[PDB]
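Contents: one structure, followed by commentary.
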Amino acid sequence: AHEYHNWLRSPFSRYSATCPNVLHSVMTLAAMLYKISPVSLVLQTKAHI
Amino acid sequence: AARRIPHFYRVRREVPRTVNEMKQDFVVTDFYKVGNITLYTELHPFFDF
Amino acid sequence: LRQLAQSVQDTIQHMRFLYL
Amino acid sequence: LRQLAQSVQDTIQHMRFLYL
Amino acid sequence: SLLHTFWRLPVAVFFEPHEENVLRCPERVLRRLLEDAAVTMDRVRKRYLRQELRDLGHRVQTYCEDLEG
Amino acid sequence: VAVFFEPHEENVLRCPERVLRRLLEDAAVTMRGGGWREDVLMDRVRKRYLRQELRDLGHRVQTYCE
């Protein structure tokens, strides 16, 4: 029980309890893993994501 | 060259990025902005400078 | 009667592939 | 003719010796 | 091996690349460059001459074959 | 933080403990006699002229035989 020290937290598990079992809901567990590093905020900005 | 092609990767040092590669990682709408570096290279719709 | 010189005509391009 | 062919071949080989 | 310097005590640096040059090489970088420089590295003509002597003998055998007719 | 030395005219790099100087002398004397990179051009033009005159012998032995 190290949720504030883990790499993956409860809003992922709270997403997966209601996700529809289809391909697109698998893809959104991937793009929920974008880092919030400043360089990560540069590339997502420059790609207009 | 056909035997130097495994001999080319006997180094472990990369090549720098070419300019014509650097003109392709901008989206349609930021390319006119100053954040592009390569705007002093684009001079003519028929040539590459 | 004249293939006897075609033999050396063969062997010279043989040794052209060999030696060069 | 035939002696002319044989002589021109041996003399041209003698001048082939003066490349190497 | 190691160098021998005139001035005894070392001096710190503050300069830029546009100012005076300085050797600042980390150790794994120079090691890897030594690996990359290390890994990147006739009598057949007499053989051809002697085989041409054998071709000369074959040719004089042909000359001895042709004149008999 | 960085520490260095200011250059001079009296700082001297020594020989590398004569364990690499000897292979320098080996590389010196193993290449005193070898490829001079001069007769390589003569080698190329002699090989090419030899190929030319040998093919000329082919044309001569093909036509003069008739």
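Each chain of the structure tokens is named A, B, ... in the order shown, its residues numbered from 1; ligands are numbered from 1 in display order.
With chain C superimposed on chain D by least squares using every Cα atom in order, the two chains differ by 1.4 Å RMSD.
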- request: Output as a ChimeraX atom specification the set of chain C residues within 10 Å of chain E, with distances taken over only C-alpha atoms.
  value: /C:4-5,8,11-12,15,18-20
Please dump the current selection as an mmCIF file, in the first residue's frame; keep N, CA, C and O atoms.
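Saved to result_36.cif:
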data_model
loop_
_atom_site.group_PDB
_atom_site.id
_atom_site.type_symbol
_atom_site.label_atom_id
_atom_site.label_comp_id
_atom_site.auth_asym_id
_atom_site.auth_seq_id
_atom_site.Cartn_x
_atom_site.Cartn_y
_atom_site.Cartn_z
ATOM 1 N N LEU C 4 40.062 -24.301 -82.994
ATOM 2 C CA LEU C 4 41.318 -24.469 -82.271
ATOM 3 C C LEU C 4 41.867 -23.132 -81.783
ATOM 4 O O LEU C 4 42.602 -23.091 -80.789
ATOM 5 N N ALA C 5 41.522 -22.036 -82.464
ATOM 6 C CA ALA C 5 41.816 -20.681 -82.012
ATOM 7 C C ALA C 5 40.699 -20.095 -81.162
ATOM 8 O O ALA C 5 40.945 -19.197 -80.339
ATOM 9 N N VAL C 8 41.628 -20.640 -77.485
ATOM 10 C CA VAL C 8 42.421 -19.626 -76.797
ATOM 11 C C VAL C 8 41.615 -18.347 -76.639
ATOM 12 O O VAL C 8 41.810 -17.602 -75.666
ATOM 13 N N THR C 11 40.031 -19.024 -73.421
ATOM 14 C CA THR C 11 40.870 -19.043 -72.227
ATOM 15 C C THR C 11 41.370 -17.655 -71.862
ATOM 16 O O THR C 11 41.678 -17.407 -70.693
ATOM 17 N N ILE C 12 41.412 -16.722 -72.814
ATOM 18 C CA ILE C 12 41.913 -15.401 -72.451
ATOM 19 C C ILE C 12 40.880 -14.626 -71.638
ATOM 20 O O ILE C 12 41.230 -13.923 -70.687
ATOM 21 N N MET C 15 41.025 -16.157 -68.125
ATOM 22 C CA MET C 15 42.018 -15.545 -67.246
ATOM 23 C C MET C 15 41.797 -14.054 -67.056
ATOM 24 O O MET C 15 42.413 -13.467 -66.164
ATOM 25 N N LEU C 18 39.734 -14.460 -64.111
ATOM 26 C CA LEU C 18 40.591 -14.943 -63.028
ATOM 27 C C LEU C 18 41.468 -13.828 -62.481
ATOM 28 O O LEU C 18 41.388 -13.473 -61.300
ATOM 29 N N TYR C 19 42.311 -13.262 -63.336
ATOM 30 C CA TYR C 19 43.438 -12.473 -62.873
ATOM 31 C C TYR C 19 43.035 -11.057 -62.509
ATOM 32 O O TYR C 19 43.818 -10.343 -61.878
ATOM 33 N N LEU C 20 41.841 -10.636 -62.895
ATOM 34 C CA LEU C 20 41.468 -9.241 -62.774
ATOM 35 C C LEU C 20 40.206 -9.092 -61.931
ATOM 36 O O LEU C 20 39.182 -8.605 -62.410
#
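The two atoms in question, CA of residue 25 in chain A and CA of residue 25 in chain B, are spaced 28.4 Å apart.
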Quick one: contact table of chain A to range 31-47 of chain B, 12 Å max, nearest atom pair and distance in Å to one decimal per residue, counting only C-alpha atoms, chain and number order, as a tab-separated table?
residue	atom	partner	partner_atom	distance
A:42	CA	B:35	CA	11.7
A:46	CA	B:35	CA	9.5
A:47	CA	B:31	CA	11.5
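Between CA of residue 57 in chain F and CA of residue 9 in chain C lies a distance of 8.2 Å.
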Neighbours of residue 10 in chain C within 12 Å (only C-alpha atoms; same-chain residues fewer than 3 positions away dropped), as a PDB file with C-alpha atoms, in the first residue's frame?
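File part_15.pdb, as written:
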ATOM      1  CA  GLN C   3      37.694 -23.797 -83.277  1.00  0.00           C
ATOM      2  CA  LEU C   4      41.318 -24.469 -82.271  1.00  0.00           C
ATOM      3  CA  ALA C   5      41.816 -20.681 -82.012  1.00  0.00           C
ATOM      4  CA  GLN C   6      38.404 -20.209 -80.418  1.00  0.00           C
ATOM      5  CA  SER C   7      39.827 -22.290 -77.556  1.00  0.00           C
ATOM      6  CA  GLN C  13      38.608 -14.144 -71.089  1.00  0.00           C
ATOM      7  CA  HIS C  14      38.794 -17.014 -68.608  1.00  0.00           C
ATOM      8  CA  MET C  15      42.018 -15.545 -67.246  1.00  0.00           C
ATOM      9  CA  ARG C  16      40.533 -12.073 -67.547  1.00  0.00           C
ATOM     10  CA  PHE C  17      37.885 -13.171 -65.060  1.00  0.00           C
TER      11      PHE C  17
ATOM     12  CA  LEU F  54      44.286  -9.034 -74.384  1.00  0.00           C
ATOM     13  CA  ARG F  55      40.812  -8.275 -75.709  1.00  0.00           C
ATOM     14  CA  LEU F  57      44.244 -10.342 -79.082  1.00  0.00           C
ATOM     15  CA  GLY F  58      40.772 -11.842 -78.813  1.00  0.00           C
ATOM     16  CA  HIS F  59      39.527  -9.740 -81.716  1.00  0.00           C
ATOM     17  CA  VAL F  61      42.319 -14.334 -83.030  1.00  0.00           C
ATOM     18  CA  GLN F  62      38.607 -14.177 -83.874  1.00  0.00           C
TER      19      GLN F  62
END
- prompt: Residues at most 8 Å from residue 15 in chain F, counting only C-alpha atoms, excluding those fewer than 3 positions away in the same chain, as a VMD selection string?
  reply: (chain E and resid 1) or (chain F and resid 18 21)
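Atom pair CA of residue 29 in chain B / CA of residue 48 in chain A has a distance of 9.5 Å (rounded to one decimal).
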message: For range 6-15 of chain A, find every residue with an atom within 9 Å (counting only C-alpha atoms), except residues of its own chain fewer than 6 positions away, and show them as an MDAnalysis selection string.
response: chainID A and resid 29 32:33
Dump as a compact mmCIF listing (two decimals), in the first residue's frame, selection limited to N, CA and C atoms:
# COMPACT_ATOMS: atom_id res chain seq x y z
N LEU A 29 -5.85 3.49 -21.84
CA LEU A 29 -4.97 3.25 -20.72
C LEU A 29 -3.51 3.45 -21.10
N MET A 32 -3.08 7.54 -21.09
CA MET A 32 -3.11 8.04 -19.73
C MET A 32 -1.77 7.93 -19.04
N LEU A 33 -0.74 7.46 -19.75
CA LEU A 33 0.59 7.31 -19.20
C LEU A 33 1.58 8.31 -19.79
Kindly determine which residues of chain B lie within 8 Å of chain E, considering only C-alpha atoms, and give the answer as an mmCIF file with N, CA and C atoms, in the first residue's frame.
data_model
loop_
_atom_site.group_PDB
_atom_site.id
_atom_site.type_symbol
_atom_site.label_atom_id
_atom_site.label_comp_id
_atom_site.auth_asym_id
_atom_site.auth_seq_id
_atom_site.Cartn_x
_atom_site.Cartn_y
_atom_site.Cartn_z
ATOM 1 N N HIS B 7 30.432 -3.221 -41.172
ATOM 2 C CA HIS B 7 31.571 -2.481 -40.664
ATOM 3 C C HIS B 7 31.248 -1.023 -40.408
ATOM 4 N N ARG B 10 30.243 -0.630 -36.777
ATOM 5 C CA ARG B 10 31.267 -0.946 -35.798
ATOM 6 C C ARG B 10 31.598 0.251 -34.933
ATOM 7 N N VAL B 11 31.262 1.449 -35.382
ATOM 8 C CA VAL B 11 31.227 2.579 -34.482
ATOM 9 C C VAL B 11 29.959 2.502 -33.642
ATOM 10 N N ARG B 12 29.936 3.274 -32.568
ATOM 11 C CA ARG B 12 28.730 3.448 -31.780
ATOM 12 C C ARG B 12 28.456 4.923 -31.590
#
task: Check the DSSP output for the backbone and give back, as an MDAnalysis selection string, the residues of chain F in helix (DSSP H, G or I).
output: chainID F and resid 21:29 39:63
The selected residues should be written to file as a compact mmCIF listing (two decimals), in the first residue's frame (atoms: N, CA, C and O atoms).
# COMPACT_ATOMS: atom_id res chain seq x y z
N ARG F 21 55.79 3.52 -27.46
CA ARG F 21 56.79 4.02 -28.40
C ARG F 21 57.36 2.88 -29.23
O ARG F 21 57.70 3.08 -30.40
N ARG F 22 57.47 1.69 -28.65
CA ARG F 22 58.05 0.57 -29.39
C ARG F 22 57.11 0.09 -30.48
O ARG F 22 57.57 -0.27 -31.57
N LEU F 23 55.80 0.12 -30.24
CA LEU F 23 54.89 -0.21 -31.33
C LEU F 23 54.78 0.92 -32.34
O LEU F 23 54.48 0.66 -33.50
N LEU F 24 55.07 2.16 -31.93
CA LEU F 24 55.24 3.23 -32.90
C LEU F 24 56.44 2.97 -33.81
O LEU F 24 56.36 3.19 -35.02
N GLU F 25 57.54 2.49 -33.25
CA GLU F 25 58.69 2.18 -34.09
C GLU F 25 58.45 0.95 -34.94
O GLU F 25 58.98 0.86 -36.06
N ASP F 26 57.65 0.01 -34.44
CA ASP F 26 57.26 -1.15 -35.23
C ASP F 26 56.44 -0.71 -36.43
O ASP F 26 56.70 -1.14 -37.56
N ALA F 27 55.45 0.16 -36.20
CA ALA F 27 54.65 0.69 -37.30
C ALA F 27 55.48 1.58 -38.22
O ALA F 27 55.15 1.73 -39.40
N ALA F 28 56.56 2.16 -37.70
CA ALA F 28 57.49 2.90 -38.56
C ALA F 28 58.21 1.96 -39.51
O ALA F 28 58.27 2.21 -40.72
N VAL F 29 58.76 0.86 -38.99
CA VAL F 29 59.60 0.01 -39.82
C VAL F 29 58.84 -1.11 -40.52
O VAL F 29 59.43 -1.79 -41.37
N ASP F 39 52.80 3.22 -57.31
CA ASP F 39 52.63 2.21 -58.33
C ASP F 39 51.29 1.52 -58.26
O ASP F 39 51.06 0.57 -59.00
N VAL F 40 50.40 1.95 -57.36
CA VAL F 40 49.03 1.46 -57.41
C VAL F 40 48.32 2.04 -58.62
O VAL F 40 47.53 1.35 -59.28
N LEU F 41 48.61 3.29 -58.94
CA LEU F 41 48.06 3.89 -60.16
C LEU F 41 48.66 3.24 -61.39
O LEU F 41 47.95 2.98 -62.37
N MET F 42 49.96 2.96 -61.36
CA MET F 42 50.61 2.23 -62.44
C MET F 42 50.07 0.82 -62.55
O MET F 42 49.94 0.29 -63.66
N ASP F 43 49.71 0.23 -61.42
CA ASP F 43 49.10 -1.09 -61.40
C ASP F 43 47.73 -1.06 -62.07
O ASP F 43 47.40 -1.94 -62.87
N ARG F 44 46.94 -0.03 -61.76
CA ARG F 44 45.61 0.09 -62.36
C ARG F 44 45.69 0.32 -63.86
O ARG F 44 44.98 -0.34 -64.63
N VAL F 45 46.59 1.20 -64.30
CA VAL F 45 46.67 1.46 -65.73
C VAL F 45 47.33 0.30 -66.47
O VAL F 45 47.00 0.03 -67.63
N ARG F 46 48.22 -0.45 -65.81
CA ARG F 46 48.82 -1.60 -66.46
C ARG F 46 47.83 -2.73 -66.58
O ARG F 46 47.77 -3.40 -67.62
N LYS F 47 47.02 -2.94 -65.54
CA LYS F 47 45.96 -3.94 -65.60
C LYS F 47 44.93 -3.58 -66.67
O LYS F 47 44.47 -4.45 -67.41
N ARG F 48 44.61 -2.30 -66.79
CA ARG F 48 43.59 -1.91 -67.75
C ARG F 48 44.11 -1.98 -69.18
O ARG F 48 43.41 -2.47 -70.07
N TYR F 49 45.35 -1.54 -69.41
CA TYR F 49 45.95 -1.69 -70.73
C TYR F 49 46.19 -3.15 -71.08
O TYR F 49 46.09 -3.53 -72.25
N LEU F 50 46.47 -3.97 -70.08
CA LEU F 50 46.67 -5.38 -70.33
C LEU F 50 45.37 -6.05 -70.72
O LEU F 50 45.33 -6.87 -71.64
N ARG F 51 44.28 -5.67 -70.05
CA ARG F 51 42.96 -6.16 -70.42
C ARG F 51 42.58 -5.70 -71.82
O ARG F 51 42.03 -6.48 -72.61
N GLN F 52 42.92 -4.45 -72.16
CA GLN F 52 42.63 -3.91 -73.48
C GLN F 52 43.37 -4.66 -74.57
O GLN F 52 42.78 -5.07 -75.57
N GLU F 53 44.67 -4.89 -74.37
CA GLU F 53 45.44 -5.56 -75.41
C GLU F 53 45.13 -7.05 -75.46
O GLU F 53 45.22 -7.66 -76.53
N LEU F 54 44.70 -7.64 -74.35
CA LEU F 54 44.29 -9.03 -74.38
C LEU F 54 42.96 -9.19 -75.12
O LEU F 54 42.78 -10.15 -75.88
N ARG F 55 42.04 -8.25 -74.93
CA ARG F 55 40.81 -8.28 -75.71
C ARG F 55 41.08 -7.98 -77.18
O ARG F 55 40.38 -8.49 -78.06
N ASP F 56 42.11 -7.17 -77.46
CA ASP F 56 42.54 -6.96 -78.83
C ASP F 56 43.10 -8.24 -79.44
O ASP F 56 42.89 -8.52 -80.62
N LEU F 57 43.81 -9.03 -78.63
CA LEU F 57 44.24 -10.34 -79.08
C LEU F 57 43.06 -11.25 -79.33
O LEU F 57 43.10 -12.09 -80.24
N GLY F 58 41.99 -11.10 -78.55
CA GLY F 58 40.77 -11.84 -78.81
C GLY F 58 40.13 -11.47 -80.13
O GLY F 58 39.69 -12.34 -80.89
N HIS F 59 40.08 -10.17 -80.43
CA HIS F 59 39.53 -9.74 -81.72
C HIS F 59 40.41 -10.19 -82.87
O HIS F 59 39.90 -10.58 -83.93
N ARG F 60 41.73 -10.16 -82.68
CA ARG F 60 42.65 -10.60 -83.71
C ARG F 60 42.55 -12.11 -83.94
O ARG F 60 42.54 -12.57 -85.09
N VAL F 61 42.43 -12.89 -82.87
CA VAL F 61 42.32 -14.33 -83.03
C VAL F 61 40.92 -14.73 -83.50
O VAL F 61 40.74 -15.83 -84.02
N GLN F 62 39.93 -13.84 -83.37
CA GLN F 62 38.61 -14.18 -83.87
C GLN F 62 38.44 -13.80 -85.34
O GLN F 62 37.75 -14.50 -86.09
N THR F 63 39.05 -12.70 -85.78
CA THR F 63 38.88 -12.30 -87.17
C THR F 63 39.95 -12.82 -88.11
O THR F 63 39.63 -13.24 -89.22
- request: Write out as a ChimeraX atom specification all residues of chain E that backbone DSSP assigns to strand (DSSP E).
  value: /E:3-4,11-12
Emit the selected residues as an mmCIF file, in the first residue's frame, including N, CA and C atoms.
data_model
loop_
_atom_site.group_PDB
_atom_site.id
_atom_site.type_symbol
_atom_site.label_atom_id
_atom_site.label_comp_id
_atom_site.auth_asym_id
_atom_site.auth_seq_id
_atom_site.Cartn_x
_atom_site.Cartn_y
_atom_site.Cartn_z
ATOM 1 N N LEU E 3 51.400 13.854 -18.417
ATOM 2 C CA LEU E 3 52.103 15.042 -18.851
ATOM 3 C C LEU E 3 52.937 15.620 -17.715
ATOM 4 N N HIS E 4 53.774 16.583 -18.072
ATOM 5 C CA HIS E 4 54.621 17.292 -17.127
ATOM 6 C C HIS E 4 54.425 18.774 -17.373
ATOM 7 N N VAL E 11 44.458 25.644 -12.173
ATOM 8 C CA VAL E 11 43.665 26.853 -12.318
ATOM 9 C C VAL E 11 42.269 26.434 -12.753
ATOM 10 N N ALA E 12 41.259 27.037 -12.140
ATOM 11 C CA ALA E 12 39.896 26.760 -12.546
ATOM 12 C C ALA E 12 39.573 27.494 -13.844
#
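With only C-alpha atoms as the atoms that count, the minimum distance from residue 2 in chain F to the choices E:43, E:8, E:31, E:24 is reached by E:24.
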